[PDB]
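Printed here is target.cif (mmCIF, C-alpha atoms; chains and numbers go by the auth columns):
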data_start
loop_
_atom_site.group_PDB
_atom_site.id
_atom_site.type_symbol
_atom_site.label_atom_id
_atom_site.label_comp_id
_atom_site.label_asym_id
_atom_site.label_seq_id
_atom_site.Cartn_x
_atom_site.Cartn_y
_atom_site.Cartn_z
_atom_site.B_iso_or_equiv
_atom_site.auth_seq_id
_atom_site.auth_asym_id
ATOM 1 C CA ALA A 1 -14.271 -26.561 -26.223 0.00 1 E
ATOM 2 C CA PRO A 2 -13.099 -24.846 -22.993 0.00 2 E
ATOM 3 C CA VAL A 3 -9.353 -24.231 -22.772 0.00 3 E
ATOM 4 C CA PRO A 4 -7.275 -23.193 -19.703 0.00 4 E
ATOM 5 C CA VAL A 5 -5.615 -19.775 -19.847 0.00 5 E
ATOM 6 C CA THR A 6 -1.814 -19.926 -19.835 0.00 6 E
ATOM 7 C CA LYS A 7 -1.403 -16.149 -19.693 0.00 7 E
ATOM 8 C CA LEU A 8 -3.743 -13.257 -18.890 0.00 8 E
ATOM 9 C CA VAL A 9 -2.830 -9.597 -19.396 0.00 9 E
ATOM 10 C CA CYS A 10 -4.802 -6.355 -19.127 0.00 10 E
ATOM 11 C CA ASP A 11 -4.530 -2.780 -20.402 0.00 11 E
ATOM 12 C CA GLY A 12 -5.905 0.221 -18.540 0.00 12 E
ATOM 13 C CA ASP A 13 -4.927 2.741 -21.207 0.00 13 E
ATOM 14 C CA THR A 14 -7.563 1.193 -23.470 0.00 14 E
ATOM 15 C CA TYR A 15 -9.530 -0.757 -20.847 0.00 15 E
ATOM 16 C CA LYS A 16 -9.012 -3.843 -23.016 0.00 16 E
ATOM 17 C CA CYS A 17 -8.121 -7.130 -21.320 0.00 17 E
ATOM 18 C CA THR A 18 -6.249 -9.614 -23.511 0.00 18 E
ATOM 19 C CA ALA A 19 -5.941 -13.355 -22.897 0.00 19 E
ATOM 20 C CA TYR A 20 -3.821 -16.217 -24.227 0.00 20 E
ATOM 21 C CA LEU A 21 -5.625 -19.484 -24.958 0.00 21 E
ATOM 22 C CA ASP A 22 -3.934 -22.878 -25.254 0.00 22 E
ATOM 23 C CA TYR A 23 -6.131 -23.799 -28.225 0.00 23 E
ATOM 24 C CA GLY A 24 -3.912 -25.143 -30.990 0.00 24 E
ATOM 25 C CA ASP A 25 -0.480 -23.521 -31.041 0.00 25 E
ATOM 26 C CA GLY A 26 -1.357 -20.681 -28.686 0.00 26 E
ATOM 27 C CA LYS A 27 -1.830 -17.753 -31.058 0.00 27 E
ATOM 28 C CA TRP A 28 -5.545 -17.229 -30.431 0.00 28 E
ATOM 29 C CA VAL A 29 -6.388 -14.533 -27.884 0.00 29 E
ATOM 30 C CA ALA A 30 -9.545 -13.057 -26.363 0.00 30 E
ATOM 31 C CA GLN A 31 -10.366 -9.403 -25.693 0.00 31 E
ATOM 32 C CA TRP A 32 -13.113 -7.637 -23.742 0.00 32 E
ATOM 33 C CA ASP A 33 -13.452 -4.064 -22.472 0.00 33 E
ATOM 34 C CA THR A 34 -13.201 -3.587 -18.706 0.00 34 E
ATOM 35 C CA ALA A 35 -13.477 -0.493 -16.514 0.00 35 E
ATOM 36 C CA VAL A 36 -10.353 0.458 -14.566 0.00 36 E
ATOM 37 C CA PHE A 37 -9.597 2.792 -11.660 0.00 37 E
ATOM 38 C CA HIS A 38 -7.498 3.307 -8.530 0.00 38 E
ATOM 39 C CA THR A 39 -8.515 1.829 -5.176 0.00 39 E
ATOM 40 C CA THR A 40 -7.585 3.072 -1.705 0.00 40 E
ATOM 41 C CA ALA B 1 -17.702 -11.341 -1.205 0.00 1 Q
ATOM 42 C CA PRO B 2 -14.722 -11.606 -3.615 0.00 2 Q
ATOM 43 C CA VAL B 3 -13.461 -15.141 -4.221 0.00 3 Q
ATOM 44 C CA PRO B 4 -10.195 -16.259 -5.924 0.00 4 Q
ATOM 45 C CA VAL B 5 -10.546 -18.164 -9.196 0.00 5 Q
ATOM 46 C CA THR B 6 -9.294 -21.751 -9.010 0.00 6 Q
ATOM 47 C CA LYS B 7 -9.855 -22.416 -12.711 0.00 7 Q
ATOM 48 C CA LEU B 8 -10.490 -20.196 -15.736 0.00 8 Q
ATOM 49 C CA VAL B 9 -11.465 -21.525 -19.167 0.00 9 Q
ATOM 50 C CA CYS B 10 -12.548 -19.848 -22.405 0.00 10 Q
ATOM 51 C CA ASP B 11 -14.419 -20.798 -25.577 0.00 11 Q
ATOM 52 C CA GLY B 12 -13.792 -19.176 -28.947 0.00 12 Q
ATOM 53 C CA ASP B 13 -16.492 -21.136 -30.763 0.00 13 Q
ATOM 54 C CA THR B 14 -19.081 -19.199 -28.759 0.00 14 Q
ATOM 55 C CA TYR B 15 -16.859 -16.365 -27.496 0.00 15 Q
ATOM 56 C CA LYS B 16 -18.025 -17.261 -23.983 0.00 16 Q
ATOM 57 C CA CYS B 17 -15.460 -17.308 -21.174 0.00 17 Q
ATOM 58 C CA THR B 18 -16.344 -19.543 -18.227 0.00 18 Q
ATOM 59 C CA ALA B 19 -14.864 -19.333 -14.729 0.00 19 Q
ATOM 60 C CA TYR B 20 -14.794 -21.510 -11.612 0.00 20 Q
ATOM 61 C CA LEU B 21 -15.330 -19.747 -8.285 0.00 21 Q
ATOM 62 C CA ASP B 22 -14.324 -21.155 -4.897 0.00 22 Q
ATOM 63 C CA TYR B 23 -17.565 -19.903 -3.333 0.00 23 Q
ATOM 64 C CA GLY B 24 -19.117 -22.744 -1.356 0.00 24 Q
ATOM 65 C CA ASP B 25 -18.427 -26.149 -2.884 0.00 25 Q
ATOM 66 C CA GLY B 26 -17.153 -24.836 -6.204 0.00 26 Q
ATOM 67 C CA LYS B 27 -20.129 -25.361 -8.501 0.00 27 Q
ATOM 68 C CA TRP B 28 -20.847 -21.691 -9.199 0.00 28 Q
ATOM 69 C CA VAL B 29 -19.351 -20.340 -12.424 0.00 29 Q
ATOM 70 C CA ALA B 30 -19.273 -17.004 -14.249 0.00 30 Q
ATOM 71 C CA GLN B 31 -19.713 -16.328 -17.968 0.00 31 Q
ATOM 72 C CA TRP B 32 -19.170 -13.275 -20.171 0.00 32 Q
ATOM 73 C CA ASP B 33 -18.884 -12.865 -23.946 0.00 33 Q
ATOM 74 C CA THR B 34 -15.435 -11.989 -25.286 0.00 34 Q
ATOM 75 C CA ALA B 35 -14.174 -11.315 -28.809 0.00 35 Q
ATOM 76 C CA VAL B 36 -11.592 -13.761 -30.154 0.00 36 Q
ATOM 77 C CA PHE B 37 -9.179 -13.784 -33.094 0.00 37 Q
ATOM 78 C CA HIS B 38 -5.736 -14.857 -34.302 0.00 38 Q
ATOM 79 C CA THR B 39 -2.642 -12.741 -33.660 0.00 39 Q
ATOM 80 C CA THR B 40 0.587 -12.662 -35.668 0.00 40 Q
ATOM 81 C CA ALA C 1 0.973 -1.699 -21.885 0.00 1 P
ATOM 82 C CA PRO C 2 -0.246 -5.240 -21.030 0.00 2 P
ATOM 83 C CA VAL C 3 0.368 -6.324 -17.438 0.00 3 P
ATOM 84 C CA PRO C 4 0.077 -9.849 -15.920 0.00 4 P
ATOM 85 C CA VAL C 5 -2.638 -10.359 -13.305 0.00 5 P
ATOM 86 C CA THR C 6 -1.286 -11.185 -9.847 0.00 6 P
ATOM 87 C CA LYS C 7 -4.734 -11.733 -8.343 0.00 7 P
ATOM 88 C CA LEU C 8 -8.212 -12.247 -9.803 0.00 8 P
ATOM 89 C CA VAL C 9 -11.397 -12.263 -7.719 0.00 9 P
ATOM 90 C CA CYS C 10 -15.094 -12.369 -8.607 0.00 10 P
ATOM 91 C CA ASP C 11 -18.410 -11.490 -6.962 0.00 11 P
ATOM 92 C CA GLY C 12 -21.673 -13.253 -7.744 0.00 12 P
ATOM 93 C CA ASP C 13 -23.780 -11.087 -5.445 0.00 13 P
ATOM 94 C CA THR C 14 -23.175 -8.181 -7.827 0.00 14 P
ATOM 95 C CA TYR C 15 -21.923 -10.138 -10.849 0.00 15 P
ATOM 96 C CA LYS C 16 -18.856 -7.882 -10.812 0.00 16 P
ATOM 97 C CA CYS C 17 -15.439 -9.448 -11.394 0.00 17 P
ATOM 98 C CA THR C 18 -12.513 -7.515 -9.920 0.00 18 P
ATOM 99 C CA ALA C 19 -8.861 -7.864 -10.925 0.00 19 P
ATOM 100 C CA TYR C 20 -5.487 -6.791 -9.536 0.00 20 P
ATOM 101 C CA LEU C 21 -2.973 -5.410 -12.032 0.00 21 P
ATOM 102 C CA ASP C 22 0.779 -5.206 -11.443 0.00 22 P
ATOM 103 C CA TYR C 23 0.921 -1.759 -13.060 0.00 23 P
ATOM 104 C CA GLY C 24 2.870 0.558 -10.778 0.00 24 P
ATOM 105 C CA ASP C 25 2.423 -0.276 -7.102 0.00 25 P
ATOM 106 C CA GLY C 26 -0.523 -2.614 -7.590 0.00 26 P
ATOM 107 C CA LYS C 27 -3.475 -0.454 -6.575 0.00 27 P
ATOM 108 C CA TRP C 28 -5.147 -0.298 -9.988 0.00 28 P
ATOM 109 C CA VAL C 29 -7.941 -2.817 -10.533 0.00 29 P
ATOM 110 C CA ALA C 30 -10.329 -3.732 -13.349 0.00 30 P
ATOM 111 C CA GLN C 31 -14.047 -4.514 -13.143 0.00 31 P
ATOM 112 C CA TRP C 32 -16.572 -5.962 -15.590 0.00 32 P
ATOM 113 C CA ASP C 33 -20.055 -7.425 -15.104 0.00 33 P
ATOM 114 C CA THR C 34 -20.384 -11.181 -15.605 0.00 34 P
ATOM 115 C CA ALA C 35 -23.382 -13.513 -15.425 0.00 35 P
ATOM 116 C CA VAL C 36 -23.268 -16.168 -12.703 0.00 36 P
ATOM 117 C CA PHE C 37 -25.209 -19.355 -11.968 0.00 37 P
ATOM 118 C CA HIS C 38 -24.994 -22.900 -10.605 0.00 38 P
ATOM 119 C CA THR C 39 -23.879 -25.815 -12.779 0.00 39 P
ATOM 120 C CA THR C 40 -24.723 -29.497 -12.351 0.00 40 P
#
Render the structure in this file as structure tokens.
Amino acid sequence: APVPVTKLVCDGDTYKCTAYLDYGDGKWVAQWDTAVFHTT
Amino acid sequence: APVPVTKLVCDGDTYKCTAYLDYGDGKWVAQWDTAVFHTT
Amino acid sequence: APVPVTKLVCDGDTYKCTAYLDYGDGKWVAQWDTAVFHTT
């Protein structure tokens, strides 16, 4: 079932965005590649 | 146009992360697969 | 290294979700396609 995100971090070095779910104790985390770049 | 997210949920059972946009009334929602696992 | 998201926007017209990282000054931003639709 859907669970609100307590914390959401991202990494540009690997383009991998991690997430912290509140499912259970809070150890489970999601990860999905995401393009990154600088914006003017 | 870009719209701030009022609510952001995720599902590990299906690896599908849902989102709630503030565009219009607030019925529109995004969805994108995302790997999930336990972290020590 | 992981960095908390200060702002998170999304676009349904292009299905592209943008993000604002706190890495450095705060110019860097992530982007990843995401399906969108209406929910009843």
Report the distance between CA of residue 15 (chain P) and CA of residue 35 (chain P) in Å, rounded to one decimal place.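 If I compute the distance from CA of residue 15 (chain P) to CA of residue 35 (chain P), I get 5.9 Å.
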So that I can see what lies close to residue 36 (chain Q), please list as number ranges by chain the residues with an atom at most 6 Å from it, counting all atoms listed in the file and leaving out residues fewer than 3 positions away in the same chain. E: 29-30; Q: 12
Emit the selected residues as a PDB file, keeping the file's coordinate frame, including C-alpha atoms.
ATOM      1  CA  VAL E  29      -6.388 -14.533 -27.884  1.00  0.00           C
ATOM      2  CA  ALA E  30      -9.545 -13.057 -26.363  1.00  0.00           C
TER       3      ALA E  30
ATOM      4  CA  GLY Q  12     -13.792 -19.176 -28.947  1.00  0.00           C
TER       5      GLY Q  12
END
Interface residues on chain P facing chain E, 7 Å, only C-alpha atoms, written as a list in words: residues 1, 2, 3, 4, 5, 27, 28, 29, 30, 31 and 32 of chain P
Could I get chain E fitted onto chain P (least squares, all C-alpha atoms, in order) as a short mmCIF file (atom, residue, chain, number, x, y, z; two decimals) with C-alpha atoms, in the coordinates of the input?
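Printed below is part.cif as written:
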data_model
loop_
_atom_site.label_atom_id
_atom_site.label_comp_id
_atom_site.auth_asym_id
_atom_site.auth_seq_id
_atom_site.Cartn_x
_atom_site.Cartn_y
_atom_site.Cartn_z
CA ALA E 1 0.97 -1.70 -21.88
CA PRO E 2 -0.24 -5.24 -21.03
CA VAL E 3 0.37 -6.32 -17.44
CA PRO E 4 0.08 -9.85 -15.92
CA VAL E 5 -2.64 -10.36 -13.31
CA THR E 6 -1.29 -11.19 -9.85
CA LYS E 7 -4.73 -11.73 -8.34
CA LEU E 8 -8.21 -12.25 -9.80
CA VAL E 9 -11.40 -12.26 -7.72
CA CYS E 10 -15.09 -12.37 -8.61
CA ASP E 11 -18.41 -11.49 -6.96
CA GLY E 12 -21.67 -13.25 -7.74
CA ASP E 13 -23.78 -11.09 -5.45
CA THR E 14 -23.18 -8.18 -7.82
CA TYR E 15 -21.92 -10.14 -10.85
CA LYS E 16 -18.86 -7.88 -10.81
CA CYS E 17 -15.44 -9.45 -11.39
CA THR E 18 -12.51 -7.52 -9.92
CA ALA E 19 -8.86 -7.86 -10.92
CA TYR E 20 -5.49 -6.79 -9.54
CA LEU E 21 -2.97 -5.41 -12.03
CA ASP E 22 0.78 -5.21 -11.44
CA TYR E 23 0.92 -1.76 -13.06
CA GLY E 24 2.87 0.56 -10.78
CA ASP E 25 2.42 -0.28 -7.10
CA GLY E 26 -0.52 -2.62 -7.59
CA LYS E 27 -3.47 -0.45 -6.57
CA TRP E 28 -5.15 -0.30 -9.99
CA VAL E 29 -7.94 -2.82 -10.53
CA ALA E 30 -10.33 -3.73 -13.35
CA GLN E 31 -14.05 -4.51 -13.14
CA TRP E 32 -16.57 -5.96 -15.59
CA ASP E 33 -20.05 -7.42 -15.10
CA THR E 34 -20.38 -11.18 -15.61
CA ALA E 35 -23.38 -13.51 -15.42
CA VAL E 36 -23.27 -16.17 -12.70
CA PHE E 37 -25.21 -19.36 -11.97
CA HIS E 38 -24.99 -22.90 -10.60
CA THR E 39 -23.88 -25.81 -12.78
CA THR E 40 -24.72 -29.50 -12.35
#
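Here CA of residue 22 (chain Q) stands at a distance of 6.5 Å from CA of residue 6 (chain Q).
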